[PDB]
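*Asks:* What follows is a structure written as structure tokens; I'll ask about it next.
Residue numbers (the deposited numbering): 1 to 94.
Here it is in structure tokens:
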């Protein structure tokens, strides 16, 4: 909408944080220059226990795709091993 040209890591990610921090497994979004580090609380346990098709998109391109019954900690920190420069990343299932 607007953050596109500016920072990008704004409310677009925090709206994600509120959605992912829903009780069970939860992915937190944070960026440091060339480094996406998403931390998973709930001891790595998953969001859900059912098959949902998940995904992350950086500026219209696919970053990572996963399932809610997976260990959000093995999911998230894999994404972070990559240490991605991803500024505008949409973390939401499809």
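Cβ atoms here follow ideal geometry from the backbone N, Cα and C, with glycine treated the same way.
Can you look up residue 48 in the DSSP assignment and give me helix, strand or coil?
*Replies:* Of the three classes helix, strand and coil, the one that applies to residue 48 here is coil, per DSSP.
*Asks:* Taking all protein chains shown into account, decide if residue 86 is buried (16 or more other Cβ within 10 angstroms of its Cβ) or exposed.
*Replies:* With 16 or more Cβ atoms within 10 Å of its Cβ, residue 86 is classed as buried.
*Asks:* Compute the Euclidean distance between the alpha carbons of residue 7 and residue 1, then round it to the nearest angstrom.
*Replies:* Using only the alpha carbons, I get a separation of about 12 Å.
*Asks:* Can you tell me whether residue 10 is buried or exposed, with buried defined as 16 or more other CB within 10 angstroms of its CB?
*Replies:* Exposed: under 16 other Cβ atoms inside 10 Å.
*Asks:* In the segment 32–79, which residue ranges form an unbroken beta strand (DSSP E) of at least 3 residues, counting only runs that do not cross its ends?
*Replies:* Those beta strand (DSSP E) runs which fall completely within the segment 32–79 and span 3+ residues are 39–41, 56–58 and 61–64.
*Asks:* Run through the DSSP bridge pairs and tell me what residue 30 is partnered with.
*Replies:* Note: residue 30 sits in no beta bridge, so no partner.
*Asks:* In the DSSP assignment, what are the bridge partners of residue 91?
*Replies:* 56.
*Asks:* Using 9 Å as the threshold, is the C-beta distance between residue 89 and residue 29 below it?
*Replies:* Yes.
*Asks:* Among the residues of its own chain, which have a CB less than 7 Å from the CB of residue 69, if the five just before and after it don't count?
*Replies:* So the list reads 46, 48, 49, 50 and 51, once near-sequence residues are dropped.
*Asks:* In the structure shown, what three-state DSSP assignment does residue 21 receive?
*Replies:* Coil at residue 21, not helix or strand.
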